[PDB]
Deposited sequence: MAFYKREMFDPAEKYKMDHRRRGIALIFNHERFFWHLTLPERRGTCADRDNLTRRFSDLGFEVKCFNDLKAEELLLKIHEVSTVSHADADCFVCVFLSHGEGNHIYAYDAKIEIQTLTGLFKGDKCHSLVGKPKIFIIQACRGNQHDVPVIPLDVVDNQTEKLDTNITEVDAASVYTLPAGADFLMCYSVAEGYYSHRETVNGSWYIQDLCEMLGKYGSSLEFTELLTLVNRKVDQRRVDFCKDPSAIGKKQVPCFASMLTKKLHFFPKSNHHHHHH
């Protein structure tokens, strides 16, 4: 017995936490340019994920310690009565690293916290990570992981604007990878096509993912 149309069980009490790390300015000695319009991206995502029923928790220009303290805190909270988990990073990113205010951090250090072993209450539930960071990327940490990459302007970046537009229009009906595929096309249209690098998503998901209204 095997069902091709089988969806994730999305009928828990809460949808889950939408965690957002927004980085605009950086420690001087890192020599990293200010990221104009990330607050626009952050507000845009908050809006969209809230209408999808997420509990959006925002954090601005956190230092490496404070960031690590918060994700671990979130990973050790009970998600038993939650559908899924969403984490977003809006910063600079070199290779397999994301940048905090003062230093860089390996992505798999962050995503590894939500693996089946460490985060039991999220086993079998979608774990979505969105990485908006300027050809390398780190492979999803395990089953039911979904990595979304921007693969990189005062109103925000193309990826987030186009993601949020689709999230706002189709988020509560379409299958999530369908919607993400649509973003790939929207960003491809900006080139005024289908010749250069667009946004990307790596899926270790095992079922269909929908965000039908609760």
item: Regions left out of the model, expressed as runs of the deposited sequence counted from 1; value: 1 to 7, 142 to 173, 192 to 199, 240 to 247, 270 to 277
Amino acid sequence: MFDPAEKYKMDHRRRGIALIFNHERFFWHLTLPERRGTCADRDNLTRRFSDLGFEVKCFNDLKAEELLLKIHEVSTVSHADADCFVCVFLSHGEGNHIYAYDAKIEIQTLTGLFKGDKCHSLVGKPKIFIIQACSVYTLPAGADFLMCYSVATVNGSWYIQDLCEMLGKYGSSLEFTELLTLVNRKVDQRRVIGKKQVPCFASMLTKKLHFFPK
From here on, numbers count along this sequence of modelled residues.
property	result
Which of 72 to 80 and 140 to 148 has higher mean CA B factor, as the PDB entry lists it	72 to 80
105 to 113 set against 91 to 99, stretch whose average Cα temperature factor tops the other in the entry	91 to 99
Of the residues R15, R190, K9, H23, the one carrying the largest Cα B-factor as recorded	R190
Residue, from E34, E55, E178, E65, that the PDB entry assigns the highest Cα B-factor	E34
Modelled-residue ranking by C-alpha temperature factor, third containing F212	middle
